[PDB]
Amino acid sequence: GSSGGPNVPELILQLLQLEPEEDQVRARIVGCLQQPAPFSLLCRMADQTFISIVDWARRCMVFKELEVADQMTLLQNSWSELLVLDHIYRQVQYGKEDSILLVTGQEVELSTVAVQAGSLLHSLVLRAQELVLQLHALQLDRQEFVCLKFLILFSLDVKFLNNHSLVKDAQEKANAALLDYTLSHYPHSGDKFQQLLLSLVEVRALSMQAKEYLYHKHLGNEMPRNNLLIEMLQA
């Protein structure tokens, strides 16, 4: 199989035009931000990563035509999954099994997570690394990644929105694009599309666990005041 080249669905070509290179997001967040892991700094880093995701959504086809109430509902249903997918893809590209790469460029040894993290977080980090391994084995590429981000953003049943038609059409176009692209570019991975949808089931499971970790921190009064992920958690 091989990525890109000819025969790429229009939706995917459009999404690639809206996806910043990792180096550019890094610079932006390091700019917005400025031993034991610095907890509040990492919380601010995750908030800034979500702000970057909201900026991407704002520019996307379809999403940019929706009224604010529909935009908020979509993001309220997808924020945690978009953050998990962003972290997972960053690891797939990084390609190191003994460390994790943060959006700031910081590298964190997994041995350090075993020393510093409690059980909820340690288990979550390791479960996420298993999905990273699966996606690397499946040869997840950038075309698939951006389509998966769009699919998640638009994952909500349209009955919860004012503009049913536009979002339903976006859902259908994104599923068709991922199916067409994977079949044409990875013909010998015959069930790649289904395998990516099963990977999204795992992103949702990881997201739920991440929400439970944030809720435990919130009840313990450990989160910074006015944290954006907690606002999303309570919405």
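All residue numbers refer to positions in the sequence shown, first residue = 1.
The entry models residue 34 and residue 35 with a gap of 4 to 9 deposited residues left without coordinates. If you average the C-alpha B-factors over 20-28 and over 207-215, the higher value belongs to 20-28. Per-stretch averaging of Cα B factors for 224-232 and 3-11 places 3-11 on top. If you compare the C-alpha temperature factors of 96, 142, 149, 90 in the entry, 96 comes out highest. Per the PDB entry, 104 shows the highest C-alpha temperature factor of the residues 71, 78, 129, 104. In this PDB entry, residue 110 carries a Cα temperature factor that places it within the highest third of its chain's modelled residues. Ranked by C-alpha B-factor against the other modelled residues of its chain, residue 83 falls in the lowest third. Among all modelled residues in this chain, the alpha-carbon of residue 39 has a temperature factor (C-alpha) in the highest third. Residue-level temperature factors show residue 189 in the highest third of its chain, judged at the C-alpha atom. Residue 156 sits in the middle third of its chain by CA B factor, as recorded in the PDB entry.
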